[PDB]
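Asks: Fold the following for me, if possible:
(one chain, ligands or ions: 1)
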Amino acid sequence: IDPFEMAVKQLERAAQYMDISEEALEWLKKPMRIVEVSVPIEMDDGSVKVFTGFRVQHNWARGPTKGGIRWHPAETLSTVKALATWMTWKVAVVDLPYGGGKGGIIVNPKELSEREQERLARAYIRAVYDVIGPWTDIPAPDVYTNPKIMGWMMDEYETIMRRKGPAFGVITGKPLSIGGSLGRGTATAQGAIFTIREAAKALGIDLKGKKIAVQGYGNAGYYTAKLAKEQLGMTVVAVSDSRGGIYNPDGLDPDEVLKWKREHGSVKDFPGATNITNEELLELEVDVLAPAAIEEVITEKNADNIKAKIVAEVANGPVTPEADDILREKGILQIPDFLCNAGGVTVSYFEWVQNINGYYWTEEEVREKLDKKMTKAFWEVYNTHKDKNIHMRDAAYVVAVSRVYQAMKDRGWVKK
Ligand SMILES: N[C@@H](CCC(=O)O)C(=O)O
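Replies: Numbers count the residues shown, from 1 in each chain. For reference, the structure is listed below:
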């Protein structure tokens, strides 16, 4: 099934639970500007190859649009549009002065050399310069793009811009040497930890000494486990990856597991732990569960088998709506996917603020501001959850769409 249709259906289901005019819904069902450009680069053999680049700006009622750039061979305009629509609600739920945006290039970056990658980044900037800017559209790292590409892109934008303004703020996720921000490596995990702490506070559970299980041991999963163990004082008992998983009731040390992963290539056969698979790992009796891996892991097949009191969807939509209803029926508290992992876009917003102001913060200041933003967003969503007696995901959609609708009404875009 197409992704943009999925996003529009999600938006309509959200609008079912809130009072929104028909014209506003029709406005929100369409991206406000879609730009498709040709991105020509000259390769190492001397030939010129043309790639397809996208830049979708779904809505900018609340402010300049925000969103990453994907370099995937399976990129489509539908995927970019759906992700921009998703980014609108993501930045709206955590109360940022941002709209929704998304870019992408249909390219296999594995077959490109470093020089070709730099040429691709610079050519993409030259192609989409007319629709981006510090106050118009702020790109960011995404799938198969990294801070190196972000720095190349910022340099090209500054060259075109003739240094007439804050060219550092045109793009986020930059290296620290050029307008980069601290706390950009642990943003998602720190936001997830703050949301988990707030959820435990709401449920009355003290996390000191409790159990956590994490699926997926990449950046997000590893940092989530590490921050949970240190800040929340919890007992990490299970941490699986792409290959297999391990279990130890007394507690695992995420640093040692990461070292083992680096050495042997996986978290399999970890000493002192029992090797298990992802599916049973999802069903251990643990206080909180943090799926930080491939989407759609909790379905109707295993929804009733979840024994976790809190499920923090660190990954992008790892739970299906049927599993959502089943989990809610069990009383299991769910943190919606675009609320749990909203720390990354919040820290990107902080980086943009630092670049715009010309003044840069420390790690402690970024951490405290992230704490404030995530706590306030979670409490807003939870209060909507209780007041409307609807699902947590539905409450997050209600909050985001209500904010965007209010901004649209204030500008006079929609009269009703
Ligand atoms: N959330 C997307 C892009 C949003 C952003 O970082 O600005 C990501 O995982 O990078």
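
Asks: drop to CA atoms for contacts and neighbour counts, all remaining ones
Replies: OK.

Asks: where's the most centrally placed residue in the chain relative to residue 38, distance?
Replies: Taking C-alpha atoms, centre = their mean, the centroid of the chain lies closest to residue 341, which sits 5.0 Å from it. Counting by C-alpha to C-alpha, to the nearest Å, the gap from residue 341 to residue 38 is 32 Å.

Asks: same thing with residue 361?
Replies: Between residue 361 and residue 38 the distance is 38 Å, computed by C-alpha to C-alpha.

Asks: what does residue 391 give?
Replies: 42 Å.

Asks: ok, these two, which is more surrounded?
Replies: For residue 391 versus residue 38, neighbours defined as other C-alpha atoms under 10 Å are more numerous around residue 391 (20 against 16).

Asks: Spatially nearest residue to that one, not counting backbone neighbours?
Replies: Nearest residue to residue 391, sequence neighbours excluded (C-alpha to C-alpha, 6 or more residues apart in numbering): residue 385, at 6.3 Å.

Asks: for the strand or helix carrying the one you found, which positions count as buried?
Replies: Residue 385 belongs to helix 363-388 when assigned by DSSP states H and E. The neighbour-count check on helix 363-388 (16 or more other C-alpha atoms under 10 Å) flags 366-367, 370-371, 373-378, 380-382, 384-385 as buried.

Asks: What is the nearest of the residues you listed to the ligand?
Replies: Closest to the ligand out of the buried residues of helix 363-388 is residue 370 (14.2 Å), distances taken as C-alpha to the nearest ligand atom.

Asks: which residues touch that closest one?
Replies: Neighbouring residues of residue 370 by C-alpha atoms under 8 Å, 6 or more residues apart in numbering: 191, 343, 346, 347.

Asks: Can you flag which of those belong to helices?
Replies: Those of those mapping onto helices are 191, 343, 346, 347, per DSSP state H.

Asks: Who are the contact partners of the first one?
Replies: Taking C-alpha under 8 Å, 6+ apart as the definition of contact, the neighbours of residue 191 are 340, 341, 342, 343, 344, 370, 371, 374.

Asks: Let me have the residues you listed in TSV, adding distance to the ligand as columns.
Replies: Formatted as TSV, those follow (distance: C-alpha to the nearest ligand atom, whole Å):
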residue	distance to the ligand
340	11
341	8
342	7
343	9
344	5
370	14
371	17
374	15
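
Asks: Within range of the ligand, give me the residues from this structure.
Replies: Contacts of the chain with the ligand, taken as C-alpha under 6 Å from any ligand atom, map to 66, 67, 68, 140, 141, 142, 344, 345, 348.
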